[PDB]
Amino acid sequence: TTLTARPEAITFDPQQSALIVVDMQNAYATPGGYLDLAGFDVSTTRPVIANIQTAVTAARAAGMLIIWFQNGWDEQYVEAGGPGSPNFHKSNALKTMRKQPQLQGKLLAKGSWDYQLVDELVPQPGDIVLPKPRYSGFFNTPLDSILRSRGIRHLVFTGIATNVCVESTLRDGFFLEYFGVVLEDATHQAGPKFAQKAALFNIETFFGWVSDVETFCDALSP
């Protein structure tokens, strides 16, 4: 398949490719979730959700592997690292719960509402659903092994946050010799609008390719 993209069009075989849906959890997309409680603007993610559903339908119909990430930890946050991990000190979820003990054990907690995939996005049998304990899906997980076991070299990225979990997984994928493309209108940033712009620029200019959902779906139609 030839996919129109920035900075130029690329080729991939859908049957040797994966669509990765990064962290489409209430924490990252839904009012009252972690990012919202932590002061980030989540009011504009509805079109991102619908666009991911569209992209998943097309990708699965074309034979691409669908991989869903869920970011977060056990309710006791053992897996988040204690004070000896920089993650303990950087996580805005952990910071929010330290400021608001009423939320302690709810943000990004396995089995909780915050951790759930948003209602509109439901993995299907045969999809892979991966928990990850840090922003990048290529650290501390079997993601690389899962992809290599199927000969997959091309990754199409969707999800939240463009500049954090999405971009980190795409950047680390590049260092592991994966070709990564992001569907820009199926992502949303964590931060001001310049964070979306800069993540797309860094991806396009140094790490991978940028396309969009309509272009992706039309490229898959055969």
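Numbering starts at 1 and runs along the sequence shown.
Peer 1: Would you mind comparing 134-142 and 117-125 for me and telling me which has the higher average C-alpha temperature factor in the entry?
Peer 2: Averaged over C-alpha atoms, the B-factors run higher in 117-125.
Peer 1: If you take the mean CA temperature factor per stretch, which one wins between 176-184 and 57-65?
Peer 2: Higher of the two, by average CA B-factor, is 57-65.
Peer 1: Check the PDB entry and point out which of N71, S91, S85, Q102 has the largest C-alpha temperature factor.
Peer 2: Across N71, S91, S85, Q102, the entry lists the biggest C-alpha B-factor for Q102.
Peer 1: I'd like to know which of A29, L155, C165, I52 has the highest C-alpha temperature factor in the PDB entry.
Peer 2: Of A29, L155, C165, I52, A29 has the highest C-alpha B-factor.
Peer 1: Sort the modelled residues of this chain by their C-alpha B factor and say whether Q196 lands in the lowest, middle or highest third.
Peer 2: Middle third, going by the recorded CA B-factors of the chain.
Peer 1: Going by the recorded CA B-factors, say which third of the chain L35 sits in, lowest, middle or highest.
Peer 2: Middle third.
Peer 1: Thinking about Cα B factors across the chain, which third does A18 belong to?
Peer 2: As the PDB entry reports it, the C-alpha B-factor of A18 lands in the lowest third of its chain.
Peer 1: Is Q189 in the lowest, middle or highest third of its chain when residues are ranked by C-alpha B-factor?
Peer 2: Middle third, going by the recorded CA B-factors of the chain.
Peer 1: Would you mind ranking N202 by its C-alpha B-factor against the rest of the chain and naming the third, lowest, middle or highest?
Peer 2: Its C-alpha B-factor, which the entry lists for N202, ranks in the lowest third among residues of this chain.
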